[PDB]
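Since the structure comes first, as structure tokens, the remarks are kept for the end.
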Amino acid sequence: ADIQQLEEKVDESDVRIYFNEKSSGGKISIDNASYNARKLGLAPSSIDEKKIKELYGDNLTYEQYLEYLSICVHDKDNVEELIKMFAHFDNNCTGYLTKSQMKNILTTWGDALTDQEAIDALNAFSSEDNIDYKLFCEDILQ
Amino acid sequence: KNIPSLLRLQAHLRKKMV
């Protein structure tokens with residue numbers, strides 16, 4: 001995604017308003033840029049954050065913030081890759097993982113969530129201890 | 001293993017919680 005594509009997917013008015021909400025001295029921190037990206041429905045990972053940081057440092061001008069948002073687009077995202085990641089841990093091929101198991105996965109590798117973030121993400125999907133991870137991934141991409 | 005896909009999942013969880 002370049003900025004032109006980005007501004008067909010998100011509303012530029014929101015992009016600007018959210019920048020104004022968080023900016024200081026005409027610039028926005030990467031943490032606040034990621035917060036804005038999420039509000040706009042985008043899903044940055046640490047890969048995207050480290051990329052923009054290498055280019056511009058941790059405090060972005062408006063145009064650099066636009067370039068960051070374009071990096072956050074991720075058109076190739078899909079449910080299948082997520083299900084397959086969880087299915088890796090589903091040895092008995094039940095289609096289920098417990099909340100404890102999913103919490104472990106989410107808080108151990110990659111851009112690890114805190115225990116509370118993981119608990120809150122899981123409890124929000126289901127009151128029950130056994131999670132149909134296929135249904136969970138469909139819901140997370142909703 | 002499968003780290004890229006895990007990062008995408010964690011990214012969507014952070015998105016949804018925002």
Side-chain angles (χ1 to χ4, degrees), chain A residues 1-3 6 8 10 15 18 28-49 51-53 55-57 60 64-91 93-102 104-114 116-127 130-142, chain B residues 1-8 10-12 14-15 17-18:
Chain A
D2 57 25
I3 292 169
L6 171 75
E8 298 190 27
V10 300
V15 171
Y18 299 163
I28 192 176
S29 71
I30 289 177
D31 284 335
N32 285 331
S34 296
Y35 176 79
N36 287 358
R38 290 162 181 141
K39 284 213 298 180
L40 293 161
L42 307 178
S45 69
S46 67
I47 306 299
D48 306 318
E49 294 184 330
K51 177 173 292 196
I52 201 76
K53 189 176 183 184
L55 291 171
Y56 293 128
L60 313 176
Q64 287 156 5
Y65 158 77
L66 296 189
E67 296 178 14
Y68 176 54
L69 298 179
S70 82
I71 289 168
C72 295
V73 160
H74 300 293
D75 282 334
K76 298 181 198 185
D77 282 353
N78 61 74
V79 193
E80 282 84 352
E81 59 185 7
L82 306 181
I83 298 172
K84 284 168 183 163
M85 184 278 299
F86 280 119
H88 176 81
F89 301 94
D90 181 17
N91 274 26
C93 289
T94 60
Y96 293 102
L97 294 164
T98 64
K99 271 175 182 167
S100 203
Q101 289 170 327
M102 297 184 73
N104 274 336
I105 299 157
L106 295 179
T107 62
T108 300
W109 296 285
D111 287 340
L113 311 205
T114 66
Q116 190 61 239
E117 285 166 350
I119 285 155
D120 286 344
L122 292 163
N123 279 346
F125 176 70
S126 186
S127 73
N130 252 351
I131 306 285
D132 183 317
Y133 57 82
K134 174 194 220 294
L135 292 182
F136 179 86
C137 290
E138 296 168 355
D139 175 81
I140 210 66
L141 286 184
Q142 280 286 115
Chain B
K1 205 169 156 183
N2 305 326
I3 303 295
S5 297
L6 176 60
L7 295 187
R8 299 311 310 140
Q10 290 160 328
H12 285 276
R14 286 197 174 88
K15 179 205 65 193
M17 75 179 271
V18 63

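Quick note on labels: first sequence line is chain A, next is B, and so on, each numbered from 1. These values consider heavy atoms only, across backbone and side chains, with no hydrogens, waters or symmetry-generated copies.
Looking only at side-chain heavy atoms (C-beta outward), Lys84(A) and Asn2(B) stay at 4.5 Å or farther from each other. The shortest side-chain heavy-atom distance between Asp2(A) and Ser70(A) does not fall under the 4.5 Å cut-off. Side-chain contact check for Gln101(A) versus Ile131(A): every heavy-atom pair is 4.5 Å or farther apart. In this structure, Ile52(A) and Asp48(A) have side chains that are not in contact, with every pair of non-hydrogen atoms separated by 4.5 Å or more. Proximity of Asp120(A) to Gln116(A): side-chain heavy atoms (C-beta onward) are separated by under 4.5 Å at one or more points.
Rounded to the nearest 0.5 angstrom, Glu81(A) CD and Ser5(B) OG are separated by 4.5 Å. In this structure, CG in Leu42(A) is found 10.0 Å from CG in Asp77(A), a value given to the nearest 0.5 Å. For the atom pair CG (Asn36(A)) and OH (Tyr65(A)), the distance works out to 4.0 Å, reported to the nearest 0.5 Å. Between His88(A) atom NE2 and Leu6(B) atom CG the span is 11.0 Å, to the nearest 0.5 Å. Rounding to the nearest 0.5 Å gives a distance of 6.5 Å between CG of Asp31(A) and CD of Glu49(A). Between atom CG of residue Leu40(A) and atom CG of residue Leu69(A) there is a gap of 6.0 Å, rounded to the nearest 0.5 Å.
By the 30° and 60° cut-offs, the orientation of the rings of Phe136(A) relative to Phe86(A) is perpendicular.
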Hey, mind stepping through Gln64(A) and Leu55(A) against side chain to side chain contact (heavy atoms under 4.5 Å, CB included) and telling me if it holds?
CA-CA 9 Å; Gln64(A) 287 156 5; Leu55(A) 291 171; over 6 Å; no

Is there a side chain to side chain contact (heavy atoms under 4.5 Å, CB included) between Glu67(A) and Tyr56(A)? Walk through the geometry before answering.
CA-CA 10 Å; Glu67(A) 296 178 14; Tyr56(A) 293 128; 2.6 Å; yes

Starting from the C-alpha separation in whole Å, work towards a yes-or-no answer on side chain to side chain contact (heavy atoms under 4.5 Å, CB included) for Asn32(A) and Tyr18(A).
CA-CA 9 Å; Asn32(A) 285 331; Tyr18(A) 299 163; over 6 Å; no

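Looking at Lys99(A) and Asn130(A), their side chains never bring a donor and an acceptor atom within 3.5 Å of each other. A donor and an acceptor atom, one from each side chain of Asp132(A) and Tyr96(A), are nowhere located under 3.5 Å apart. A side-chain donor from one of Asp111(A) and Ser46(A) sits under 3.5 Å from a side-chain acceptor of the other. Between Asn104(A) and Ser100(A), the side chains place no donor N or O within less than 3.5 Å of an acceptor N or O (distance only, hydrogens not considered).
Shown here for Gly110(A) and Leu7(B), the closest heavy-atom pair between the two residues is CA-CD2, 3.6 Å. Smallest separation of non-hydrogen atoms from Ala43(A) and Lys15(B): CB-CB, 4.3 Å. Taking every heavy atom of both residues into account, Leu60(A) and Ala33(A) meet most closely at CD1-CB, 4.3 Å. Residues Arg38(A) and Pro44(A) approach most closely at NH2-O, 3.5 Å, considering heavy atoms. Contact detail for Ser45(A) and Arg8(B): the closest heavy-atom pair is CB-NH1, 3.9 Å. When all heavy atoms of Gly95(A) and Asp90(A) are compared, the closest pair comes out as N-OD2, 2.8 Å.
At distances below 3.5 Å, at least one donor-acceptor pair connects side-chain atoms of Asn78(A) with backbone N or O atoms of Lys76(A). Looking only at distances, no side-chain donor or acceptor of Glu117(A) sits under 3.5 Å from a matching main-chain atom of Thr107(A).
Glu138(A) has a carboxylate O that lies under 4.0 Å from a charged side-chain N of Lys134(A), or vice versa, which qualifies the two as a salt bridge.
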